[PDB]
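What follows is the residue order along each chain.
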Amino acid sequence: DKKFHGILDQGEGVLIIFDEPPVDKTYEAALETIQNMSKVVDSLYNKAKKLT
Amino acid sequence: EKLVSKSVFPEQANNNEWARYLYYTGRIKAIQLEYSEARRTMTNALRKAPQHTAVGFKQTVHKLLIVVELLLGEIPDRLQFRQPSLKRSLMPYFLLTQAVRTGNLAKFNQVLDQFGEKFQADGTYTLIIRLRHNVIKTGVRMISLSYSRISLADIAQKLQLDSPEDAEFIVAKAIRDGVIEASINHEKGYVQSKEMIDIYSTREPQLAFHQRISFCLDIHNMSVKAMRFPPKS
Amino acid sequence: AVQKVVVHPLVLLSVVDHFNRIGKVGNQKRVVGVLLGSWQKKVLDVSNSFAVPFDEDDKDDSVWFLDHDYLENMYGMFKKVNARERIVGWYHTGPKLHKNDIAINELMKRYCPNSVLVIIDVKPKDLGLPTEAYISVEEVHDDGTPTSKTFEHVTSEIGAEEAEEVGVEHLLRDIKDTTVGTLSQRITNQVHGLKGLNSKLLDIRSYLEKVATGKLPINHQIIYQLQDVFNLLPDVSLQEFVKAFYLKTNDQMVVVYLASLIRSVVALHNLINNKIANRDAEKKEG
Amino acid sequence: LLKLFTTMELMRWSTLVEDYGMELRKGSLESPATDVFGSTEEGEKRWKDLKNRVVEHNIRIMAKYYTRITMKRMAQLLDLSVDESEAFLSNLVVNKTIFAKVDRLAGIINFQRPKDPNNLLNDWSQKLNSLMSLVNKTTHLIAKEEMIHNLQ
Amino acid sequence: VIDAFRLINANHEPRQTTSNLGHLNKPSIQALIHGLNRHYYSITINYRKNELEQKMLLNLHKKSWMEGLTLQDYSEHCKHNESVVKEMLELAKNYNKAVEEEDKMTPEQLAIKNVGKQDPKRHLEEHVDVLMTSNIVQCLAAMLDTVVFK
Amino acid sequence: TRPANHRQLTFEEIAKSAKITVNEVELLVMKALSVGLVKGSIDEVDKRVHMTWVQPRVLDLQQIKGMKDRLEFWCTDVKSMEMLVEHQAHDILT
């Protein structure tokens, strides 16, 4: 349920506790921008039909 | 091969010519034992082929790609096997991939005997014959992908082989070939898979991004030089 | 204690004019004068200045003369013309500190207790600011024992009002090159910074050569500061530092790559539009 | 006693009780004692609180100096059992007085926070800036020395 | 805006022309209305300078050397990069929307289309320029420091 | 004495040098840090001390000459990088 950041190590009977920055928030924005510009390039492909 | 090695293909060539050249070079490298380069070049060829037309070229490149991927020991994606254009043509190769995945020499021989003539017609019978004997490579790849440390007896049991000596020899061959990143240890008798290195901390991302940055800058420069202002004519 | 000294461009140009006129008169090497200004809670502001008669013997560092009667009269007139400016310090164009400077500062402290000296090099053979600010302070030693009056550095910068900025920009039609982009971010820094660092290190090397050969005696404080510098010099082969450097570089190159992709798509859009326009124009003309 | 508690060095409860144990508790006729540490239950509680203060001071000092220590050594230096030292450190960490991480399996107490790449690069940049400032100051001192010793 | 003047007596031409230097200024309408070339005449202003004046004027804007090599807090740098990329995402959405137009637009309507409305292409170009400058400068400064300081 | 790049002493070495048992090394180093002679940290788990700064001391002329040589190396590196940047970016900065 993500109450605390940690992981269990069975067999050894341990509980590891760590702090994590799971996401960058820059890579995600870059990926979304890449998708949006893929759509833009698709629109450019459509517009280039007038050249033909 | 000699002509390809000694001649430098023009970089400012049409995408169709690039597709043809990539297909032929991949064919040559696949007939020789350069499966990795063949797969790379032929993926590039299929990528560069025209989107709508060139149906036959797409079928040919797809068949060769299926065979070379099977030889390398991977599993081709199933999406290409249901496209309306490449549906009926690739059925024998679909069955071949099925047999390779669920490795069974009975099924493989049945498929080969049935569609023997079409493989000859399409130009992949010899490669399929090679696959028929290097099939186990796929099983070893799946075992390496799944298990972090397995015993040679267990590998023999999973690969339906004879005494673990044959399994050890096969695994050593694969490791030398580079199919699997693992090390054998007979003082205990198990194969241990190597660790996964942190690729980001390495300089590799810098190299990839530099390549792509240079490509984008070249695209912009050439797209600005392509401009024409004609009123002074 | 002063945290910063702001010297307006009019002060610098007035210093240059004073130097030029006294030089045209002849037989002089350094010029001296007063720095009228104002205080802004530990951030000084030097706005105006006026010349003051001054002479010195080139051999004796104890025969110098400054006309404080003229200083007082001209200060009275400048106050009558602009009340908000009060004496703040003195300036001299000598390339480097002279030995009479502490005495002159003691004289000027009777007009400004917190007097600030500003040396303006009117012939700068270097790459950097033309103003150096010093404040007189008592120095207590541990082995040097007698407490002497030494000059302590204070950060100095150049600022301007709106009229002064307008005038300077108008007059700067000598060599104008703004190029605020990567070009200026490469010339105003990087190259300039490395050249200045090389100059400072060369000065330190010259002093160390003189000390080692025996022209100058040893200064334990300078040697200690050099030890601290060489200790601060970091190590760049540590695995942790290398890994962090690679991580940050990868992030920066990600952003750069995305920007370049945007640029390429915009260029393609422009090419398509231009080709459409040219084809349409040719069709219409036909 | 004030100097002992202000100096940043380890102190021992046994040594404190030996030296100041009687002066601050029973007192002497020349300097009478105070009700701070009397024989009543209030005084007993205050004595226990002083012991806890000594332990906290020791932990703070061994956190100012020390990147990693073992639990056995921390107990040996605090004059308490391993369990008691662990409880004390855990209470301090929970109350947020000091930063510590206990690796019970290895018995290690880590006093250094995680180092982000941003933090490492910022430290390197700060070192470079300090180096440049020191170079400038050294140049100023050199100029002063040359002025003083060069004219003659 | 500065000019120099002198008067004309009650007389003919006020001055003699032995060159083109005088007739290069195109006197302003306001000065002509208020009496230029009728009660007074202008004189060209020139800004001859000496070497030291030139050098000081050029040196005014020069910054300290350490400022050039000084880096920039990496937390702040990353935050700025993140903010600009997040903005570029929405700008890319709007750019996709705008590209679909420009075909259903009158040749005159296009000019007034960008009046009171954001221009995704222009903003994307500006953001690209700022990001490229900042990141290139930071990387180059980092490498230069890495070598210079041991 | 130890070079700047290692500057990572060990408990046994300190004990041998100062003629004290390994146990008192921690207290000795802590007293040094408290007084302000040296700056660093103590890692009991690995039994090491990471010294990052020792107090300045008076140096003789041979050591001054060594400092001069180190400055020579540093200045050579600075000049090399300045020349590299100038040559490579002459196109944008003329």
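Conventions adopted
Residues numbered from 1 in each chain as written, not as in the entry; some residues may be left out. Chains lettered and ligands numbered in written order. Part of a larger assembly, values for the part shown. Heavy atoms only, no water. Residues with missing side-chain atoms left out of burial classes, pairs and counts. Domains from an automatic or database assignment. Contact = heavy atoms within 4.5 Å. Buried area = accessible area lost by both parts, 1.4 Å probe. Salt bridge = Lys/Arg side-chain N within 4 Å of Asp/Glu carboxyl O. Polar contact = N/O pair within 3.5 Å; in protein donor to acceptor, adjacent residues only side chain to side chain. Helix = DSSP H or I, 4+ residues; strand = E, 2+ residues; numbered from the N terminus. Nonpolar A, V, L, I, M, F, W, Y, C, P; charged D, E, K, R; others polar. Expected span 1.5 Å × (residues − 1). Disulfide = S-S within 2.5 Å. Buried < 20%, exposed > 50% of the residue type's maximum accessible area, 1.4 Å probe, protein only. Pairing = 2+ DSSP bridges. Axes fitted to C-alpha atoms, helices over the stretch in contact; angles between N-to-C directions. Patch = residues over 30% accessible without salt bridge, like charges linked within 9 Å, V, L, I, M, F, W, Y side chains within 5 Å. Areas by Shrake-Rupley, 256 points an atom, 1.4 Å probe, with all protein chains shown as cover. Core = buried A, V, L, I, M, F, W, Y, C linked by side-chain atoms within 4.5 Å.

In terms of determination method and resolution, the entry is listed under cryo-EM at 2.8 Å.

Draft legend 1. Just the domain arrangement of chain B, in detail. For chain B, the assigned domains read domain 1 (23-152) and domain 2 (193-227). Taken over C-alpha atoms, the centre of domain 1 of chain B sits 30 Å from the centre of domain 2 of chain B.

Draft legend 2. View of the arrangement of the chains. Once contacts are tallied for each of the eleven pairs of chains in contact, the highest total is for chains C and E. Separated throughout, chain B and chain F approach each other most closely at a C-alpha pair spaced 17 Å apart.

Draft legend 3. View of the interface of chain C and chain E. In this assembly, 49 residues from chain C lie in contact with 48 residues from chain E. A combined buried area of about 4700 Å² lies between chain C and chain E, and 73% of that area is made up of carbon and sulfur atoms. Per-residue buried area on chain C facing chain E is highest for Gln190, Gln252 and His269 of chain C; these three make up 12% of the total on that side. Applying the counting criterion to the chain C and chain E interface returns zero salt bridges. In this structure, the connection of chain C to chain E is made through seven residue pairs in polar contact. At the level of secondary structure, the elements contributing two or more residues to the side of chain C that touches chain E comprise α1 (9-25), α4 (162-171), α5 (182-213) and α7 (239-285) of chain C. With twelve residues, the top contributor of residues to the side of chain C that touches chain E is α7 of chain C. Here the residues of the side of chain C that touches chain E are counted per class, giving 27 nonpolar, 14 polar and eight charged.

Draft legend 4. Structural context of helix α6 (residues 120-148) of chain E. Relative to the 42 Å expected for 29 residues at 1.5 Å per residue, α6 of chain E spans 42 Å between its end C-alpha atoms, a close match to the ideal helical length. A positive backbone phi angle near 60 degrees is found at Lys150 of chain E, which sits one or two residues after α6 of chain E.

Draft legend 5. Spotlight on the state of the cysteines. Residues and elements named next belong to chain E. Throughout the structure, instances matching the rule amount to zero disulfides over all chains. No disulfide involves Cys78; its sulfur sits 14 Å from that of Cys139, the nearest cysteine. Since its relative accessible area comes to 28%, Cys78 is described here as partly exposed.

Draft legend 6. Structural view of the pairing of strand β2 (residues 182-185) of chain B. Across four bridges, the pairing between β2 of chain B and strand β3 (residues 190-193) of chain B is antiparallel. When the sheet's bridge partners are listed, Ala182 of chain B is paired in β3 of chain B with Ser193 of chain B.

Draft legend 7. View of the pairing of strand β3 (residues 48-54) of chain F. Residue and element names in this part refer to chain F. Direction of pairing for strand β1 (residues 8-10) relative to β3: antiparallel, over a ladder of three bridges. Directly across from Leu9, in β3, lies its bridge partner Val49. Of the strand pairs in this sheet, strand β2 (residues 38-43) and β3 are connected by six bridges, and their pairing is antiparallel. Considered in β3, the bridge of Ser41 is made with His50. Between the end of β2 and the start of β3, which pair antiparallel, lie four residues, with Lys47 showing a positive phi angle near 60 degrees.

Draft legend 8. The arrangement of the sheet that holds strand β1 (residues 4-7) of chain C in detail. Residues and elements named next belong to chain C. Taken in spatial order, the eight strands line up as β9-β8-β7-β6-β2-β3-β1-β10 in an open sheet, and their pairing is mixed. Each edge of the sheet is formed by a strand with only one pairing partner; in this case those strands are β9 (148-154) and β10 (156-158). Here the average twist between neighbouring strands, direction ignored, is 35 degrees. With six bridges connecting them, strand β2 (residues 32-38) and strand β6 (residues 86-92) associate as antiparallel partners. Pairing of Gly37 across the sheet is with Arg86, part of β6. Contacts from α1 reach β1, β2, β3 (43-51), β6, β7 (116-120), β8 (131-139) and β10 within the one sheet, and its direction differs from that of β3 by about 30 degrees.

Draft legend 9. Representation of a nonpolar patch on the surface in the model. On the surface, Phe4, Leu8, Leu15 and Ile17 of chain A cluster together into a nonpolar patch covering about 440 Å² of accessible area. Along the chain, the position of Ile17 of chain A falls in strand β2 (residues 14-17).

Draft legend 10. Highlighting the pattern of salt bridges. Inspection of the entire model under this criterion finds 26 salt bridges over all chains. Taking the shortest distance from any N to any O, the salt bridge between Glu146 of chain D and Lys210 of chain C comes out at 3.7 Å. Within this pair, whereas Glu146 of chain D is found in helix α6 (residues 117-150), its partner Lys210 of chain C is found in helix α5, the two belonging to separate chains. For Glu146 of chain D, a relative accessible area of 18% gives the class buried.

Draft legend 11. Quick look at the sheet that holds strand β1 (residues 149-151) of chain B. Residues and elements named next belong to chain B. Strands sit in the order β1-β3-β2 across an open sheet of three strands; the sheet is antiparallel. The open sheet has two edge strands, β1 and β2, and neither has a second partner. Each adjacent strand pair in this sheet contributes to an overall mean axis angle of 20 degrees, direction not counted. Each of β2 and β3 is contacted by helix α11 (residues 164-177), which is oriented at about 145 degrees to β2, the strand it contacts most.

Draft legend 12. Just the nonpolar core, in detail. One finds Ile204 and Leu208 of chain C, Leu131 of chain D, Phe149 of chain E together with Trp74 of chain F to be the most contacted residues of the largest nonpolar core, which totals 46 residues. When residues of this core are traced back to their parent elements, those giving at least two are α5, α6 (220-232) and α7 of chain C, α6 of chain D, α3 (65-69) and α6 of chain E together with α3 (61-89) of chain F. Sorting elements by how many residues they give to this core places α5 of chain C first, with nine residues. In terms of nonpolar packing, the next biggest core, distinct from the first, is built from 34 residues, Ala30, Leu65, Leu71 and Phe119 of chain B among them.

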